[PDB]
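The next block holds one structure in the form of structure tokens; read it before the comments.
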Amino acid sequence: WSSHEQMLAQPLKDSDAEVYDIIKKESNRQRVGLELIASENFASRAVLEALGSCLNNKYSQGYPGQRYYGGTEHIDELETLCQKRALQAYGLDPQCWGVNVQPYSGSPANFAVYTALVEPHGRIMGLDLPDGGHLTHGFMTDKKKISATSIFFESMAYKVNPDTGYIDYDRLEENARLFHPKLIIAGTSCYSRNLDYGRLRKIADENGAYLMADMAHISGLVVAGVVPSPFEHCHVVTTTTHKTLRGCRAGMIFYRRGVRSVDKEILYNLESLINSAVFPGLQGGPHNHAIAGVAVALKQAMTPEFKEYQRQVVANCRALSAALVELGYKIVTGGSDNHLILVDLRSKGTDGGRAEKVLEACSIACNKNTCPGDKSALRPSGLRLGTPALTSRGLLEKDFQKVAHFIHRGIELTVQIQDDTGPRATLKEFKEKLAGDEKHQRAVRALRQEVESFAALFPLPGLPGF
Amino acid sequence: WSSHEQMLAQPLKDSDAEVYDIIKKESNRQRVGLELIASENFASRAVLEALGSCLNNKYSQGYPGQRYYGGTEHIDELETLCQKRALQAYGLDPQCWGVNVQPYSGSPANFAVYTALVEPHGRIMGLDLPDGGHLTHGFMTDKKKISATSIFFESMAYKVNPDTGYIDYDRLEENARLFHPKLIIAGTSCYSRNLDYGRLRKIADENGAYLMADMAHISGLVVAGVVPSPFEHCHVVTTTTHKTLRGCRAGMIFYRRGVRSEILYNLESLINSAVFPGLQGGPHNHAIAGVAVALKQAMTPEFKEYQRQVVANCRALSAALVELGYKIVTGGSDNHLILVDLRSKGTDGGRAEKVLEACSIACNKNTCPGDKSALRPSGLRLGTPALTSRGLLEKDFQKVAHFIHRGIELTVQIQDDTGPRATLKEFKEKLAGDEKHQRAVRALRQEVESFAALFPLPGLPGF
Amino acid sequence: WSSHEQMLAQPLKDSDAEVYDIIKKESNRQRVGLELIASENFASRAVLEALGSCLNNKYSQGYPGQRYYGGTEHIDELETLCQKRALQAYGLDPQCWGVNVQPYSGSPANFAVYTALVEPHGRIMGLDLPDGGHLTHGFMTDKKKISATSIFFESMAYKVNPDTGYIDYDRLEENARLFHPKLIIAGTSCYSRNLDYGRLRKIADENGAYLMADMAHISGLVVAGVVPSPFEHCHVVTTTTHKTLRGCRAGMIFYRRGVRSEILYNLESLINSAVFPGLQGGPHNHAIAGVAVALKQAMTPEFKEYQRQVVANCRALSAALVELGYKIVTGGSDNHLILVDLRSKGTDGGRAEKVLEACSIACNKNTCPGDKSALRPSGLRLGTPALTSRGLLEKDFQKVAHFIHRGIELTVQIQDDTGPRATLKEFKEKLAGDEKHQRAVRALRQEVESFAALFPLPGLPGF
Amino acid sequence: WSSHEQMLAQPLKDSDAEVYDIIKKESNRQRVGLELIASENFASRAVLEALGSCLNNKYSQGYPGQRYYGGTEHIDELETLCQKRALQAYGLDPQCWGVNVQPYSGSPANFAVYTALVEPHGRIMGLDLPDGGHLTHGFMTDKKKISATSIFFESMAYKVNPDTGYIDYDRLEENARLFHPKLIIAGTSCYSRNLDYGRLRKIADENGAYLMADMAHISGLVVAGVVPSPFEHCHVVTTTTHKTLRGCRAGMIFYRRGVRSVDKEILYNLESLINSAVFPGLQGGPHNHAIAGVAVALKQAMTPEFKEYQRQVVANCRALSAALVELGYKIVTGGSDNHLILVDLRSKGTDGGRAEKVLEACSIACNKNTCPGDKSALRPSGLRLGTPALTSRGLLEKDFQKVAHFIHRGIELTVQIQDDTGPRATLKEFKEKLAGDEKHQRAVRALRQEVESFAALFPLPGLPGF
Ligand SMILES: *[C@H](NCC(=O)O)c1c(COP(=O)(O)O)cnc(C)c1O
Ligand SMILES: *[C@H](NCC(=O)O)c1c(COP(=O)(O)O)cnc(C)c1O
Ligand SMILES: *Cc1c(COP(=O)(O)O)cnc(C)c1O
Ligand SMILES: *Cc1c(COP(=O)(O)O)cnc(C)c1O
């Protein structure tokens with residue numbers, strides 16, 4: 001009864017060693033490994049400090065102008081400040097754009113928008129998953145609707161030309177006239193090229209649909225002006241706040257304000273629809289600590305240092321891509337305009353499925369992903385590689401070239417094992433051969449050692465060992 | 001870059017003074033004020049430290065043993081540990097219960113469940129809002145569906161007897177036969193009494209429906225064993241992790257496993273698939289670590305005691321207000337909150353919540369079972385979790401009751417000066433513009449804030 | 001071809017003897033039997049002649065003044081004439097009412113309206129089936145949606161007081177506030193009392209819902225002014241054109257025009273668009289001509305008298321059965337039918353309808369308000385429209401009542417021989433296999449059929 | 001009160017002169033005019049006599065094996081007989097096919113099937129209207145769902161190659177993988193070619209969807225074996241009973257029974273689903289008189305005389321098509337395989353919209369319909385012409401050639417008027433110029449006279465002046 005009070009102060013290290021120990025082991029893993037997973041990054045210490053603030057304590061359902069409870073004087077200073085920085089960072093005119101900073105994460109942001117502009121069973125079109133789209137843009141089979149989007153709404157994806165790896169805009173333009181989408185999505189989870197926002201705008205207006213951009217993967221790039229901004233032609237832009245924007249996990253919803261089209265003019269009604277859908281529609285009390293962390297991230301995002309960070313991110317990607325091309329690897333669409341590349345491993349007689357696991361054992365983090373061609377989804381040809389994370393650690397062109405070599409050493413290993421299994425062997429067996437065969441296991445150890453030594457050369461953003 | 005590094009490792013105080021200054025002012029407001037909002041509380045320092053960990057960086061969409069990406073060795077230790085502590089804290093047998101610890105918050109947890117067990121347009125019944133229910137349990141009018149629940153699903157609420165303030169179980173039992181709910185919700189946002197989970201189970205099984213409990217408000221109480229556990233009769237239990245459980249903002253979904261009656265339970269996969277890849281993306285592992293910390297703390301006798309205190313404080317507060325002549329809906333409480341019907345003082349919570357606020361006494365309005373108009377709620381909701389976490393005891397709350405009373409009197413005064421009839425905006429105008437009043441507010445605010453300063457404020461050292 | 005012509009102009013009797021023979025046998029069955037099925041009647045020869053016209057050939061999708069194809073000069077004269085007679089027959093002012101005469105039948109008419117005013121998943125409330133409602137008004141269980149209405153829309157029925165047999169309007173008024181119906185239905189398939197249209201209008205307007213009346217069973221009565229007209233308070237009135245209106249099988253949708261309260265009514269276009277191009281294709285003009293003929297006949301004093309007779313027959317029949325000790329649900333009737341609760345004789349309509357049938361007395365079972373099991377309905381429904389169209393009068397029906405009674409006794413006998421407990425199939429077995437019984441049936445069948453022969457059989461000369 | 005009894009007998013001619021008079025004027029119009037509307041025909045006297053029977057009187061909800069009421073002894077003989085003739089007429093094995101004969105009409109039959117196999121919001125694909133599809137196969141715009149099908153279900157149409165006038169099966173095959181239809185429709189309202197049922201079956205099975213054929217327009221042809229039967233590859237076949245089958249207005253739903261696919265085999269569950277959907281799902285008491293009329297039509301349909309009638313129908317169409325080709329008219333897909341042709345009037349500088357109305361004034365019945373090309377739906381290029389009706393009157397190749405000339409005389413007239421109005425004139429004005437201009441009105445009279453004289457030469461099926 002007395003200690004209860006001593007209990008609320010007691011640092012985490014003392015109060016709970018088991019959790020603390022985990023956090024440590026994780027921090028250390030993150031250090032010695034090479035993070036190449038496109039969606040990963042490292043939040044600054046400032047952002048992380050915010051999440052721990054007393055901002056966790058206040059409930060503030062509603063919005064600045066009107067909340068359900070009182071005493072929100074400061075939360076209001078915060079949310080408001082956060083919006084000013086969100087529009088500012090993207091050079092948006094507060095008279096043409098508004099922004100909701102309450103989404104809990106990326107997926108939630110998208111759903112809020114669908115719930116506000118589409119409505120139950122409304123039609124939605126997005127990049128087909130195996131072509132590089134995201135679940136939240138639609139995901140169903142001929143027998144079941146898996147994604148929440150594909151359950152409460154009616155989704156149909158558009159594909160990319162399997163010979164150029166590019167989005168087939170012509171086919172999409174045609175299909176839209178038959179499908180009558182209420183909303184078309186412009187966003188990708190694994191696509192190395194800029195999107196033709198201008199085209200998509202013509203296609204959306206043609207069918208009277210809304211054009212929503214999902215810049216979760218390029219949000220940071222867009223800010224530094226390293227890739228074309230989606231705010232030029234889109235009606236709405238949703239985004240995560242982590243990944244390339246390097247903040248804590250949360251999401252935002254940008255929406256236009258003002259005159260939409262003449263004749264005599266009609267206005268944009270997105271604001272209230274979207275705000276009402278987030279709340280009291282879908283969410284409850286906002287996570288203010290996460291909002292503070294985003295605000296911090298946006299301040300940092302407008303600095304020239306960030307600006308430079310991004311230029312570096314993209315250049316690293318290019319050098320990495322070039323290095324792998326030179327090693328004889330095939331890059332979908334032959335190259336990239338951003339932070340990632342899809343390496344088609346068919347050109348080496350293996351697949352990303354087996355390859356991602358071997359590279360992992362060597363502490364080289366990345367993931368598989370089908371290439372435009374691929375006939376089977378149960379044996380994806382590609383590996384996706386992103387440079388945001390490692391760049392935030394300081395890696396430069398020279399550094400990545402060495403990385404490319406490490407990945408190549410891995411692909412070779414992966415191949416060595418695969419021929420050691422059989423044409424009709426399963427991923428289960430493959431994985432099992434890699435676990436109980438000192439022969440390969442030794443090789444792994446050797447490369448893991450090299451991988452982890454190199455990684456140790458760079459610092460690890462975050463708190464002092466946390 | 002030369003500087004790019006230092007930036008990422010720099011402290012918040014230096015890196016961003018504007019945000020830091022805000023956090024400070026907030027920390028200080030929380031200190032000198034008296035938090036009586038039922039849903040509020042204060043997370044311990046341990047929980048808060050976890051949210052800042054490097055756990056923010058790792059993406060781990062999927063589940064332990066079923067992750068999309070590799071390198072989840074530790075996240076797995078975590079999520080798993082978190083589930084072991086979640087079932088443990090509630091004395092649940094891992095063979096009869098499972099638990100999803102990925103929800104981002106309370107509302108999301110509920111939706112995940114609806115999406116898994118109900119399905120588009122499936123019928124759902126829950127406590128009607130003005131009677132003390134939550135939006136996520138359904139909220140629509142005769143012309144529009146507002147809540148996500150009421151949009152993607154078909155909701156119809158059940159009310160409470162307006163003369164006892166209790167849930168009319170008889171009427172619900174009858175209406176279920178006509179509405180055919182696929183799922184009935186057992187949970188409240190402003191209800192001072194235990195729920196007849198046993199009854200609701202009979203009603204659910206009668207219509208072959210699922211009985212989902214939403215213990216967001218009493219999650220902490222349930223753990224200390226201070227209120228009956230909803231796990232005895234329910235098929236599913238959703239909950240927030242903050243509020244009375246005192247963790248960071250997140251949510252959990254408890255579901256049964258094993259035999260239902262031979263027939264089994266298929267809740268597990270349905271619910272897991274609905275959270276992901278159904279509704280969410282990468283889980284917020286830092287929030288999960290904070291919950292884990294909260295659950296360890298929740299199983300301590302100190303927490304156990306904290307809860308006993310919470311409920312006792314509420315009683316004393318309730319008694320003190322009764323003695324001051326206030327009417328308590330259903331006459332009392334079995335938990336951490338009470339709905340004070342201000343009709344018995346000639347005013348309403350709408351005007352009263354704002355005046356009390358100006359005096360730094362935090363709380364909120366809420367219609368009472370009677371109330372004919374929703375635009376002039378008779379009640380004020382008062383909870384004791386927050387102030388109890390600061391150390392307040394029976395004696396302390398009695399003083400609090402007095403402060404609230406002083407407030408109600410003030411709010412009434414601004415009323416008599418405005419006239420028995422006047423719009424809410426008229427009322428607030430006097431509150432602000434009037435020497436005797438704005439002055440009165442200052443006086444009570446001063447006393448309120450002095451008293452509050454006497455107690456500590458949980459959290460990280462000094463913000 | 002040499003023969004191809006003659007084929008198309010040949011008579012049915014020669015062209016197809018098998019079908020012709022069937023029609024004959026049916027015509028003859030209809031003659032010697034006693035039709036007491038509430039929904040049955042006999043169309044006049046004029047109506048029947050219309051169905052055979054060349055009106056079958058023309059396709060006229062659309063509406064007068066809005067046809068897809070040309071050459072509709074006459075179809076237009078027809079449809080238009082039909083509408084003039086439909087509004088006329090019900091004394092409706094063409095400035096306050098419009099009418100669609102294209103529905104293919106009763107059920108289609110209702111669906112057209114739901115599709116126009118409700119919309120996918122819109123809520124609808126109607127009389128619960130076991131209490132006397134129609135499928136099209138909603139029909140689902142706790143596990144499946146059976147009726148089209150209950151599939152594409154969200155239906156919840158209201159019941160009747162099981163002790164008065166009357167519709168519990170108080171409970172309905174209450175539940176509407178919780179269910180938020182977009183449309184409430186006023187219509188019955190087996191209810192002997194007038195509906196409180198005035199009440200239902202208050203309830204509909206309270207929830208901003210539409211009040212749709214389904215007068216399929218009393219359409220003819222309403223015209224003769226023998227029962228209160230539903231056009232006084234309703235927004236829409238759907239109806240079949242057969243049954244008590246005595247026309248061919250088809251349906252109509254009456255809807256209001258003008259001012260609703262300034263606000264207007266937008267029902268017209270919604271409903272017309274929903275019938276076409278919404279739900280149907282080319283209208284069956286021959287059926288429309290038959291309806292027109294029926295409406296002209298319906299406005300005659302002879303029809304007017306026919307109806308008065310129909311209702312009087314029912315009363316006498318009801319009285320005669322009461323005197324024989326039978327229990328009538330709600331104790332009596334205000335129209336053409338009565339629900340005889342056979343519990344008061346130790347049997348059920350299920351067994352009874354089949355025995356009476358074997359004796360050539362046509363009628364059907366139907367649960368009574370009380371009834372605990374739907375697999376053993378207590379009641380028998382009896383209507384007088386059909387037999388009245390044959391000329392039966394009070395005296396005649398009293399004899400009929402006796403015949404039905406003789407039947408109930410027989411059905412009971414087969415019961416006592418089977419034992420207080422026995423499955424329905426067991427019962428029917430005795431009915432058939434047993435000298436004393438199959439013999440008894442023959443005896444009563446003979447008397448039933450002799451009496452029936454005494455009256456004429458409306459329709460075309462001799463089939 | 002006394003007369004009431006005399007009222008139920010009193011013939012229609014006496015009981016109601018106003019209706020009778022109408023029926024007469026209609027019968028006479030049908031006689032002197034030339035019916036070329038593809039969906040029209042003339043029911044035999046036998047069929048018409050059935051509709052008037054006492055079969056109107058019995059209520060028989062349910063089905064032969066189980067009805068809600070009794071005394072259905074004969075209705076059962078009927079419905080049953082009707083089904084035996086429906087399967088018989090199409091040479092279907094009662095062990096592989098079943099049939100529902102209760103639909104009230106064509107549209108209702110389709111909906112019953114959708115309600116049974118698709119379910120609310122289930123996806124359905126069908127021929128796009130402007131390409132020759134039917135409303136019931138789906139009809140919506142980018143802003144509204146018009147058809148019942150497009151309201152309660154999710155429909156997306158497939159088009160035809162605008163340069164061949166044929167259905168683009170390749171594009172459909174592709175789109176099905178993105179749309180995931182639960183049911184694909186094989187049926188047309190204005191398409192002169194056979195459908196590749198075999199192809200559509202591959203496409204349906206590929207996506208695990210049902211293949212429903214809607215043979216409303218070729219039902220009669222299919223029976224005579226003049227066009228390929230859709231029962232060879234389809235799971236379900238819906239049809240109207242009038243049109244080319246020449247019965248009264250009603251509809252039927254044919255469905256398969258037995259083993260569907262092996263591995264070990266799975267069965268067809270269509271029967272109960274469809275029956276339950278018709279009733280108690282969608283309809284009430286069946287219209288037995290209409291069913292008797294259908295039965296009569298099916299008996300007549302199996303005769304060699306009918307068989308011959310159909311061969312004639314198709315040959316007439318060809319000669320008509322040839323005659324118009326020779327007159328310089330353009331026929332979509334250049335010809336026909338059945339009873340109709342879509343004449344693209346662009347090749348004469350006019351459109352079907354103006355042309356259908358002028359031909360009408362000349363007592364030549366037909367209708368407009370957009371051609372594959374057509375940029376605007378408010379100025380369809382084509383006219384649809386069918387031969388079923390006129391053939392049932394006895395017209396032969398020589399006769400149709402004369403008909404073609406009459407239609408041509410009309411198109412010329414139509415053109416004369418149009419140049420007399422202006423490039424930017426409306427159909428309202430066009431129609432009005434044709435009504436109040438003795439100049440043209442005189443021409444019309446002249447051709448109407450010739451048209452009506454010729455028509456008088458042939459008999460008019462049906463009753464003796466009814
Ligand atoms: C918490 N809201 C109660 C209040 O009055 O503020 C809650 C929730 C939502 O949690 P959240 O974290 O997203 O805001 C859901 N369900 C219940 C029963 C309660 O009490
Ligand atoms: C007629 N069915 C009543 C019965 O008990 O048989 C009916 C209908 C359906 O008409 P239909 O012509 O398609 O069969 C619809 N609505 C009502 C109220 C009744 O009474
Ligand atoms: C990663 C990603 C998401 C997922 O974000 P969460 O915050 O993890 O839930 C959503 N959309 C797109 C386009 C993405 O790349
Ligand atoms: C004509 C046609 C219909 C319409 O039939 P109705 O009986 O008039 O309702 C339906 N489907 C197709 C394919 C058609 O050609």
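Ordering of the structure tokens sets the chain letters (A, B, ...), residue numbers begin anew at 1 in every chain, and ligands are numbered from 1 in the order given.
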Mind the document's chain letters and residue numbers, and return as a ChimeraX atom specification the residues of range 256-339 of chain A that DSSP labels helix (DSSP H, G or I). /A:270-282,288-301,304-326,332-334
For ligand 1, list the contacting residues at 6 Å or closer, counting only C-alpha atoms and all ligand atoms, as number ranges by chain. A: 283-285; B: 39, 105-107, 134, 187-189, 214-217, 240, 249
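Computed from the coordinates, the CA of residue 288 in chain C to CA of residue 101 in chain C distance equals 6.9 Å.
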Using only C-alpha atoms, find the residues of chain D whose closest atom to chain A is at most 12 Å away, then write them as a count of residues only. 49
Please write out the residues within 8 Å of ligand 3 as a ChimeraX atom specification, counting only C-alpha atoms and all ligand atoms. /A:39,104-108,110,133-137,187-190,214-217,239-243,249-251 /B:59,61,280-283
List the spatial neighbours of residue 169 in chain B as number ranges by chain - criterion: any atom at most 12 Å away, only C-alpha atoms, same-chain residues fewer than 6 positions off excluded. B: 126-127, 158-161, 175-176, 186, 195-204
In Å to one decimal, how far is CA of residue 315 in chain C from CA of residue 332 in chain C? 7.6 Å
